[PDB]
Amino acid sequence: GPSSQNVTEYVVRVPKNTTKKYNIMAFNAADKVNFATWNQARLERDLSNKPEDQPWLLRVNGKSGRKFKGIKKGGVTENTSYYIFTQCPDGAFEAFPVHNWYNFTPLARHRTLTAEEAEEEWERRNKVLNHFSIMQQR
Amino acid sequence: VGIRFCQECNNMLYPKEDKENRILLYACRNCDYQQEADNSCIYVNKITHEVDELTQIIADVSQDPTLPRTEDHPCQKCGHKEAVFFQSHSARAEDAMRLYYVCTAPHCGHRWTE
Amino acid sequence: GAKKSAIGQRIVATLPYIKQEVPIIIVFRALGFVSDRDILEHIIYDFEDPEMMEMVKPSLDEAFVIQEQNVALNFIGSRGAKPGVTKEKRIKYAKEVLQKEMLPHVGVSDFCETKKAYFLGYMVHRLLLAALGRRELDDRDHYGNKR
Amino acid sequence: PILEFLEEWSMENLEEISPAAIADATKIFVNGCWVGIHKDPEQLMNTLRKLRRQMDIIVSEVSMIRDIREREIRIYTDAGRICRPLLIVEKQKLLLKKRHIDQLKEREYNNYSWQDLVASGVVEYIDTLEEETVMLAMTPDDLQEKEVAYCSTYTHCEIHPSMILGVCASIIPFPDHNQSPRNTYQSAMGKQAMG
Amino acid sequence: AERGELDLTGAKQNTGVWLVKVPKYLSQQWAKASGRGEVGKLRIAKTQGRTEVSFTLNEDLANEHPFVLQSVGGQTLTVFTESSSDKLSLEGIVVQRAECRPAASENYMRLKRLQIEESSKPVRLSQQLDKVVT
Amino acid sequence: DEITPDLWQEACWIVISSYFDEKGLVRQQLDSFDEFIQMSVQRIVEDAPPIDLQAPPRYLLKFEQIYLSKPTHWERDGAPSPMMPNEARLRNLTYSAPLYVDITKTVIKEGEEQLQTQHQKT
Amino acid sequence: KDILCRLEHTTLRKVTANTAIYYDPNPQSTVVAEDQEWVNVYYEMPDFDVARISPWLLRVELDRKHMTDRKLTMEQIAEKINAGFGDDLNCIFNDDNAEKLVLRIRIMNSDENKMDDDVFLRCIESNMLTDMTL
Ligand SMILES: [Zn+2]
Ligand SMILES: [Zn+2]
């Protein structure tokens with residue numbers, strides 16, 4: 001049917017200002033993030049300052065779900081820009097400028113060796129064997 | 001050969017054996033994640049490494065203007081008479097003298113050796 | 001040694017203003033790349049190449065002890081030419097080295113760590129290809145390499 | 001100007017891609033800084049060369065090197081790169097025609113000069129790195145003749161092979177008829193002579 | 001309930017969005033004429049095994065841009081926003097990616113030079129002085 | 001139409017002669033110094049971080065523009081004179097150009113007021 | 001040339017083509033299909049490996065040309081391994097008539113019933129391919 005050869009043209013609209021600034025949040029293909037299971041989520045600035053130009057922390061389902069850290073894209077494009085176009089029933093596209101771009105990486109949740117423990121186990125590097133034992137001991 | 005990463009922490013999976021059942025398991029260090037291994041081979045290395053450069057040759061070399069071209073070796077897949085020929089270019093080739101050919105025709109990345 | 005000969009060749013980075021070369025994986029950890037996949041995706045672009053994979057194995061095993069960026073930064077700072085009197089000074093010192101001293105041409109801004117990881121990933125990749133013999137070693141006499 | 005131009009040509013920025021894309025695309029480096037990756041390196045290089053020859057956005061001394069077997073495109077804009085002018089060859093024919101020579105003969109009272117050859121895309125500066133990617137004819141009178149068939153893909157041609165010699169070496173007559181140590185000793189004595 | 005909580009309705013409703021890359025001059029004209037809401041028209045055409053998209057700028061604003069489409073399977077991209085009321089939300093997932101470029105190229109190299117010239121004006125150079133400062 | 005092999009020998013020496021008429025031989029020295037003065041000298045002055053001083057009044061010095069006068073010699077009496085290179089070789093002078101920089105000084109005395117003064121051609 | 005062959009330092013690295021470490025606890029079901037035809041010959045009348053053996057197994061392939069060029073055969077090599085390591089390494093190998101020379105190694109029954117059982121095979125492999133002299 002016509003769907004195999006359809007052609008359509010829509011007007012482009014660009015609001016002068018919006019109550020919410022648009023940003024891009026990208027995840028790695030191997031993370032296979034799924035938003036259906038995200039019953040709850042938090043996006044907030046990091047606590048390393050304990051700010052506007054500091055990393056962000058993304059947590060899903062509180063402490064029980066996945067955790068991610070969002071880093072702002074350092075390389076700006078002085079000659080290029082990104083826009084998000086959305087489908088609309090009135091026959092006109094609304095375009096939003098990408099104010100920011102954030103790449104998110106998951107943060108593992110487990111008893112990672114502390115700085116003190118790493119300093120202690122580092123000496124083993126000279127003769128360590130059966131690395132599984134180090135985690136089984138810890 | 002194939003390397004597996006922990007689905008929980010994306011760290012490397014290391015081979016393990018369950019003394020309880022004696023089957024190979026790929027267990028994640030620092031993560032207590034374990035996966036039923038299927039390959040059964042934990043390591044393999046080829047000392048003579050007689051691997052074919054045809055796997056390493058890139059079809060784009062057909063565009064290099066410094067490579068020689070010959071009309072005597074028409075491509076089997078497309079019949080194009082002009083082909084680009086060159087040597088191994090790998091230090092592991094102890095006898096790096098045989099010629100590898102690449103079809104000069106666009107979108108025909110066929111490679112062979114005489 | 002049996003343990004050493006079993007792991008083979010391993011990679012170390014001789015960073016600036018640091019007394020002893022740190023294991024390469026510590027720098028990726030210090031740059032904030034946690035999982036081995038996040039690090040290997042920057043070093044090996046074609047996972048279907050098991051030869052490159054076997055080359056990085058010992059580098060991962062040596063750094064296994066360090067699984068946290070702050071721990072990696074503390075480790076780097078601990079070997080710094082100016083030993084930090086505290087973990088916070090050590091981390092800030094290490095952060096300053098990685099932020100300004102390592103690979104300045106790639107960038108010095110707070111978010112250039114991603115570009116530094118790719119370039120450091122590429123430096124390792126070049127080292128792997130050379131050790132695997134897939135690329136010829138660079139020639140010091142080549143005027144293309146001179147200025 | 002190069003970095004800004006590459007953004008228009010779909011060069012994907014490293015911070016805007018997944019590592020899985022680095023396998024097939026070619027790495028684009030500017031002054032050794034890895035700027036991004038590109039999916040169609042042949043069209044890109046042709047475009048970069050066309051702009052350099054036209055002097056639109058890329059100055060004559062910028063060198064573009066495409067390492068075909070390594071999927072790398074390196075663009076160097078830095079100083080200190082030694083380079084030299086070479087006549088461009090297309091379809092085994094020199095781009096330099098009699099109209100250029102006639103205009104160069106009538107150099108004075110006409111203001112036509114070397115800069116017009118560069119702007120016309122007739123001659124271009126090749127640096128020692130780009131020379132590795134170049135297939136260079138020694139002379140048009142014999143090297144690009146179809147009967148020789150040694151190479152049918154020359155990219156450039158030397159202006160005169162004697163321009164490989166320096167200032168003191170250019171003073172020797174028939175240096176091609178002397179033992180090489182003798183050309184070296186003369187290059188030293190020429191600096192010690194009197195005049 | 002927290003200041004960092006994100007309204008996931010955009011994701012829950014599976015809102016699909018298209019990410020498009022455009023030149024700053026193009027977006028600058030659109031931003032200048034943003035109050036008009038008539039910056040141009042976007043045309044989309046699909047066939048049995050091929051599809052094409054292009055944008056046409058309003059004549060009054062200029063005083064054809066085919067789009068190069070890109071696969072979205074290589075990386076999972078999403079769109080989120082931050083409200084001035086300190087409330088975040090997820091607007092949707094990027095289901096299509098494209099880049100806007102003009103159909104013409106030779107004249108575009110000129111327009112690039114025009115942008116480069118305007119961008120080069122701040123490059124201050126040491127001025128030669130005819131007489132010594134007394 | 002095209003350069004025939006019998007004309008190439010004459011043609012290539014015409015092209016080369018035009019190259020040396022335009023570029024000359026010492027072009028590497030001259031162009032390298034021209035770039036240094038025109039660009040490198042100015043970039044260094046702008047890239048240097050502005051001097052900030054604190055007592056408490058706050059003072060800031062911003063270097064802003066470089067000017068370079070023709071090589072000038074100052075006689076014992078202090079009269080400046082353009083120095084010709086032959087005079088420099090003969091009188092053992094150093095053929096140097098006076099370098100000047102515009103400096104803008106801003107001072108803040110925590111009194112919601114800032115005083116900005118510019119020292120032209122320092 | 002026989003004297004030359006006896007003088008030239010020859011190590012297993014020169015005669016082995018490739019090597020691999022497998023996990024197969026049941027020798028009656030060798031993970032390598034080709035070994036099943038010949039390994040069962042040894043397990044038909046097992047000795048020193050009747051009661052127990054390490055499930056970890058190291059397999060080495062020797063180049064017939066490199067072997068014959070040096071006038072070496074699997075017989076003395078197997079004996080040399082057991083001569084050097086003793087009964088610590090149970091060496092089992094296919095008949096010379098096979099299309100490929102194959103040797104299987106497992107740690108002794110009493111060690112399975114000295115650093116490790118699994119990773120130590122890499123030490124053995126690397127050691128056999130470096131310091132062991134035929
Ligand atoms: Zn894990
Ligand atoms: Zn073909």
# chains A, B, ... in the order shown; residues from 1 in each chain; ligands from 1
$ residues_near_ligand --ligand "ligand 2" --cutoff "9 Å" --atoms "only C-alpha atoms and all ligand atoms" --output "list in words"
residues 74, 75, 76, 77, 78, 79, 80, 81, 82, 83, 102, 103, 104, 105, 106, 107, 108, 109, 110 and 111 of chain B
$ residues_near_ligand --ligand "ligand 1" --cutoff "12 Å" --atoms "only C-alpha atoms and all ligand atoms" --output "MDAnalysis selection string"
(chainID A and resid 107:112 135) or (chainID B and resid 4:14 26:35) or (chainID C and resid 34:37 67)
$ write_last_selection --atoms "N, CA and C atoms" --output "short mmCIF file (atom, residue, chain, number, x, y, z; two decimals), in the first residue's frame"
data_model
loop_
_atom_site.label_atom_id
_atom_site.label_comp_id
_atom_site.auth_asym_id
_atom_site.auth_seq_id
_atom_site.Cartn_x
_atom_site.Cartn_y
_atom_site.Cartn_z
N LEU A 107 27.88 2.37 37.61
CA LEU A 107 28.78 2.24 38.76
C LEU A 107 28.46 0.92 39.44
N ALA A 108 29.46 0.05 39.56
CA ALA A 108 29.23 -1.24 40.19
C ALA A 108 28.93 -1.06 41.67
N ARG A 109 28.05 -1.91 42.18
CA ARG A 109 27.63 -1.91 43.58
C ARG A 109 28.06 -3.21 44.25
N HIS A 110 29.18 -3.14 44.97
CA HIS A 110 29.75 -4.26 45.70
C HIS A 110 30.86 -3.71 46.59
N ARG A 111 31.36 -4.56 47.49
CA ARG A 111 32.41 -4.17 48.42
C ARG A 111 33.79 -4.04 47.78
N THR A 112 33.95 -3.04 46.91
CA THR A 112 35.23 -2.79 46.26
C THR A 112 36.31 -2.56 47.31
N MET A 135 39.29 -12.11 46.93
CA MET A 135 37.91 -11.67 47.09
C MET A 135 37.14 -12.55 48.06
N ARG B 4 34.48 -13.54 27.81
CA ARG B 4 33.17 -13.20 28.36
C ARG B 4 33.31 -12.18 29.47
N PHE B 5 32.35 -11.26 29.55
CA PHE B 5 32.32 -10.23 30.57
C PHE B 5 31.10 -10.40 31.46
N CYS B 6 31.28 -10.09 32.74
CA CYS B 6 30.21 -10.26 33.71
C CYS B 6 29.03 -9.37 33.38
N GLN B 7 27.85 -9.97 33.28
CA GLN B 7 26.66 -9.19 32.97
C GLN B 7 26.30 -8.23 34.09
N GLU B 8 26.84 -8.45 35.29
CA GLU B 8 26.56 -7.60 36.43
C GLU B 8 27.52 -6.42 36.54
N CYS B 9 28.82 -6.65 36.37
CA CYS B 9 29.79 -5.58 36.53
C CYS B 9 30.66 -5.36 35.30
N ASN B 10 30.40 -6.07 34.20
CA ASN B 10 31.16 -5.95 32.96
C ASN B 10 32.66 -6.19 33.15
N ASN B 11 33.06 -6.77 34.27
CA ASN B 11 34.45 -7.15 34.44
C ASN B 11 34.71 -8.49 33.76
N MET B 12 35.99 -8.83 33.65
CA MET B 12 36.37 -10.09 33.04
C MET B 12 35.84 -11.27 33.82
N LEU B 13 35.48 -12.32 33.09
CA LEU B 13 35.09 -13.60 33.66
C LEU B 13 36.26 -14.57 33.61
N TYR B 14 36.54 -15.20 34.73
CA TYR B 14 37.66 -16.12 34.76
C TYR B 14 37.16 -17.55 34.89
N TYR B 26 32.55 -19.96 34.28
CA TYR B 26 33.19 -18.67 34.12
C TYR B 26 32.68 -17.82 35.27
N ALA B 27 33.53 -17.60 36.26
CA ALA B 27 33.16 -16.86 37.46
C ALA B 27 33.79 -15.48 37.45
N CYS B 28 33.00 -14.49 37.86
CA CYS B 28 33.49 -13.13 37.92
C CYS B 28 34.23 -12.90 39.22
N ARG B 29 35.46 -12.42 39.12
CA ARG B 29 36.18 -11.99 40.30
C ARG B 29 35.56 -10.70 40.81
N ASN B 30 35.64 -10.50 42.13
CA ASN B 30 35.08 -9.35 42.84
C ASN B 30 33.58 -9.18 42.63
N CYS B 31 32.85 -10.22 42.21
CA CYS B 31 31.44 -9.97 41.92
C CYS B 31 30.55 -11.17 42.23
N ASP B 32 31.15 -12.30 42.58
CA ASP B 32 30.43 -13.54 42.90
C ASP B 32 29.42 -13.93 41.82
N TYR B 33 29.70 -13.58 40.57
CA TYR B 33 28.82 -13.95 39.47
C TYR B 33 29.47 -15.12 38.74
N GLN B 34 28.67 -16.12 38.41
CA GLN B 34 29.17 -17.31 37.75
C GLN B 34 28.25 -17.68 36.59
N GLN B 35 28.85 -18.16 35.52
CA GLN B 35 28.16 -18.54 34.30
C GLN B 35 28.60 -19.92 33.85
N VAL C 34 35.65 2.15 34.93
CA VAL C 34 35.62 1.10 35.94
C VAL C 34 35.75 -0.32 35.40
N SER C 35 34.75 -0.77 34.65
CA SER C 35 34.77 -2.15 34.21
C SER C 35 35.80 -2.40 33.12
N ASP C 36 36.25 -3.65 33.06
CA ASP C 36 37.19 -4.07 32.02
C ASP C 36 36.63 -3.83 30.62
N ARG C 37 35.32 -4.00 30.44
CA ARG C 37 34.74 -3.70 29.14
C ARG C 37 34.89 -2.22 28.80
N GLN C 67 40.05 -1.30 41.99
CA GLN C 67 38.75 -1.29 41.33
C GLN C 67 38.00 0.02 41.50
#
$ residues_around --residues "residue 100 of chain F" --least-positions-apart "4" --cutoff "10 Å" --atoms "only C-alpha atoms" --output "PDB file with C-alpha atoms, in the first residue's frame"
ATOM      1  CA  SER E 126      51.074  42.708  16.609  1.00  0.00           C
ATOM      2  CA  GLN E 127      50.632  46.114  14.998  1.00  0.00           C
ATOM      3  CA  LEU E 129      54.204  51.347  14.828  1.00  0.00           C
ATOM      4  CA  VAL E 132      58.528  55.342  18.643  1.00  0.00           C
ATOM      5  CA  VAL E 133      56.343  56.029  21.679  1.00  0.00           C
TER       6      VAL E 133
ATOM      7  CA  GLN F  65      47.848  44.560  22.618  1.00  0.00           C
ATOM      8  CA  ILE F  66      51.407  44.497  21.328  1.00  0.00           C
ATOM      9  CA  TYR F  67      52.982  47.207  19.179  1.00  0.00           C
ATOM     10  CA  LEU F  68      56.445  46.959  17.661  1.00  0.00           C
ATOM     11  CA  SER F  69      58.276  50.055  16.454  1.00  0.00           C
ATOM     12  CA  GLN F 120      48.775  52.780  26.486  1.00  0.00           C
ATOM     13  CA  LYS F 121      51.907  51.416  24.801  1.00  0.00           C
ATOM     14  CA  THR F 122      53.797  50.541  27.965  1.00  0.00           C
TER      15      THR F 122
END
$ select_by_dssp --residues "segment 31-134 of chain G" --states "strand (DSSP E or B)" --output "ChimeraX atom specification"
/G:56-62,89-93,101-107,133
$ residues_around --residues "segment 4-17 of chain A" --least-positions-apart "4" --cutoff "6 Å" --atoms "only C-alpha atoms" --output "list in words"
residues 91, 92, 93, 94 and 95 of chain A; 34, 35, 37, 40, 41, 42, 43, 44, 45, 46, 47 and 48 of chain E
$ residues_around --residues "segment 25-34 of chain F" --least-positions-apart "5" --cutoff "10 Å" --atoms "only C-alpha atoms" --output "PDB file with C-alpha atoms, in the first residue's frame"
ATOM      1  CA  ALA D  79      54.957  24.282  11.974  1.00  0.00           C
ATOM      2  CA  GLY D  80      58.345  22.849  11.156  1.00  0.00           C
ATOM      3  CA  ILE D  82      59.501  20.334   5.684  1.00  0.00           C
ATOM      4  CA  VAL D 167      73.113  25.472  -2.611  1.00  0.00           C
TER       5      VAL D 167
ATOM      6  CA  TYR F  19      59.381  30.084  -7.785  1.00  0.00           C
ATOM      7  CA  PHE F  20      62.670  31.745  -6.843  1.00  0.00           C
ATOM      8  CA  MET F  39      51.264  35.863  15.836  1.00  0.00           C
ATOM      9  CA  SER F  40      53.492  34.130  18.431  1.00  0.00           C
TER      10      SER F  40
END
$ atom_distance --atom1 "atom CA of residue 40 of chain A" --atom2 "atom CA of residue 28 of chain A"
20.5 Å
